[PDB]
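> PDB entry and its sequence, pasted below:
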Amino acid sequence: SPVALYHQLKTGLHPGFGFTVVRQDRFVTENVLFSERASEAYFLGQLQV
Amino acid sequence: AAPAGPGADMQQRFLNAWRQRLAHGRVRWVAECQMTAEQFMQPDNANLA
């Protein structure tokens, strides 16, 4: 039960079934960047006050 | 407690005297059920401090 199992983990007894843990991680990486020439248009424009 | 009366009835004093504040909570020791480092952890031991 939610209480009948609660004795069994806190005292350290295996209740005949198991588990799988799942976690999430995050990293900070570095990159290089390659493109060929003229792969994009990139127009340039007017300024507005 | 200091003793009172004969020893012959002294249980039935203390049986009825602690009939109330015995089923109230728990005693300070519960750690016979506690494994080691369950005392070192912040939950489950209010008596850690």
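Cool, the structure landed. Numbers count the residues shown, from 1 in each chain, chains lettered A, B, ... in the order given.

> where along chain B do the strands fall?
Counting by DSSP state E, no segments of chain B form strands.

> Could you tell me which residues of it lie near chain A?
Residues of chain B lying near chain A by C-beta under 8 Å from any C-beta of the partner chain: B:33, B:35, B:38, B:44. The way it works is simple: take the backbone N, C-alpha and C, and place the C-beta from them, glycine included.

> Just the CA trace of stretch B:3-17, in PDB.
In PDB, the C-alpha atoms belonging to stretch B:3-17 read as follows (Å, rounded to 0.1, in the frame of the first residue of the first chain):
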ATOM      1  CA  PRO B   3       8.100   5.000  44.500                       C
ATOM      2  CA  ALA B   4       4.700   5.100  46.100                       C
ATOM      3  CA  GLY B   5       2.900   2.400  48.100                       C
ATOM      4  CA  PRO B   6       3.900  -1.200  48.000                       C
ATOM      5  CA  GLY B   7       5.400  -2.900  45.000                       C
ATOM      6  CA  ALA B   8       2.500  -5.200  44.800                       C
ATOM      7  CA  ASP B   9       0.200  -2.800  42.900                       C
ATOM      8  CA  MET B  10       2.800  -0.500  41.400                       C
ATOM      9  CA  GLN B  11       2.100  -1.600  37.800                       C
ATOM     10  CA  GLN B  12      -1.600  -0.700  38.100                       C
ATOM     11  CA  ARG B  13      -0.500   2.700  39.200                       C
ATOM     12  CA  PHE B  14       1.700   3.200  36.200                       C
ATOM     13  CA  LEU B  15      -0.400   1.300  33.800                       C
ATOM     14  CA  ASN B  16      -3.200   3.800  34.400                       C
ATOM     15  CA  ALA B  17      -1.000   6.800  35.000                       C
END
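
> Include neighbour count when you put the residues of chain B next to chain A into CSV, please.
Below are the residues of chain B next to chain A laid out as CSV (neighbours: other C-beta atoms under 10 Å in any protein chain shown):
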residue, neighbour count
B:33, 12
B:35, 10
B:38, 15
B:44, 14
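
> quick check, nearest of those to residue B:16?
The nearest member of those to residue B:16, counting by C-beta to C-beta, is residue B:33 at 28.9 Å.
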